[PDB]
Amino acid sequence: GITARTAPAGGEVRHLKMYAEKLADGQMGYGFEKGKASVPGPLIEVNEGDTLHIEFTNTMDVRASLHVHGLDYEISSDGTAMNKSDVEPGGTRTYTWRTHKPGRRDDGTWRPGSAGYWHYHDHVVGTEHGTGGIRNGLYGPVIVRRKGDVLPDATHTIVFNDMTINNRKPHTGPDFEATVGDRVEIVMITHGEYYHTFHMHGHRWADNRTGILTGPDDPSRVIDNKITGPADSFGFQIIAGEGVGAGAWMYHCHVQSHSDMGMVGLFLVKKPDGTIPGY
């Protein structure tokens, strides 16, 4: 990324409120505001070095928590019953997530770095691994950017949760929309019981941390199809319609009975005039 927008150095303390709430249809969701919970829950995005203090309130009548992948947390923020890190009905707790930049340890080794595509979810609704909470919709994405990472025009979250996408009914999407040439970021998370294969028509990405290649030397596989299982997370950027043009470009699980039974959506890539050939 030279003149594309790139992430700055991180290092700020940030604060945020989150709620877990039962929804009217029986699902459960997270939100930054009461009455505005979503499934998936809202995107949290930070830079390496940032600390995030989340003031979490459980508005439900059963215990619930927040567990995160990837980021640094102490045991008091693991979100488990075992470590007394869950939240009673109506209660509030502050969870802290930290992130760090990569760098050389004293022994001359290289410490990895927090950056990546991650996710948060419940760990105590229905079972002590959060099986009911996850099923009901308590999951959401987290992005940690490294300094210099390329930033997108927009970010969409796609979760394969059992045999649904984002807890939707079969064959109801979601659909996402872009214009030819937009830089679109996809955060792809899987939950539940089953393995899946995520496929996008007309587009492809690098099987590495960022989903993009910095230059000619990266030997990573370039793919359009990727096996995933429960609690896996990856992400990538694509240039919408790059080399292929506008169209109603399908994305789906490529396990045949899964696509047949509704794990399908559309990436609607428009011309400037807003039209889509064949749609």
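Counting begins at 1, following the sequence as shown.
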{"query": "Mean Cα B-factor comparison, 105-113 or 185-193, giving the higher one as deposited", "finding": "105-113"}
{"query": "Between the two ranges 82-90 and 119-127, the one averaging a larger CA B factor in the entry", "finding": "82-90"}
{"query": "Options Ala206, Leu71, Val159, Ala178 - largest CA temperature factor per the record", "finding": "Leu71"}
{"query": "Chain-wide C-alpha B factor ranking for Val269, given as lowest, middle or highest third", "finding": "middle"}
{"query": "Within-chain third of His15 by Cα B-factor, per the entry", "finding": "highest"}
{"query": "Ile134 - Cα temperature factor, lowest/middle/highest third of chain", "finding": "middle"}
{"query": "B-factor third for the C-alpha atom of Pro216 within its chain", "finding": "highest"}
{"query": "Third of the chain's Cα B-factor distribution that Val46 belongs to, per the entry", "finding": "lowest"}
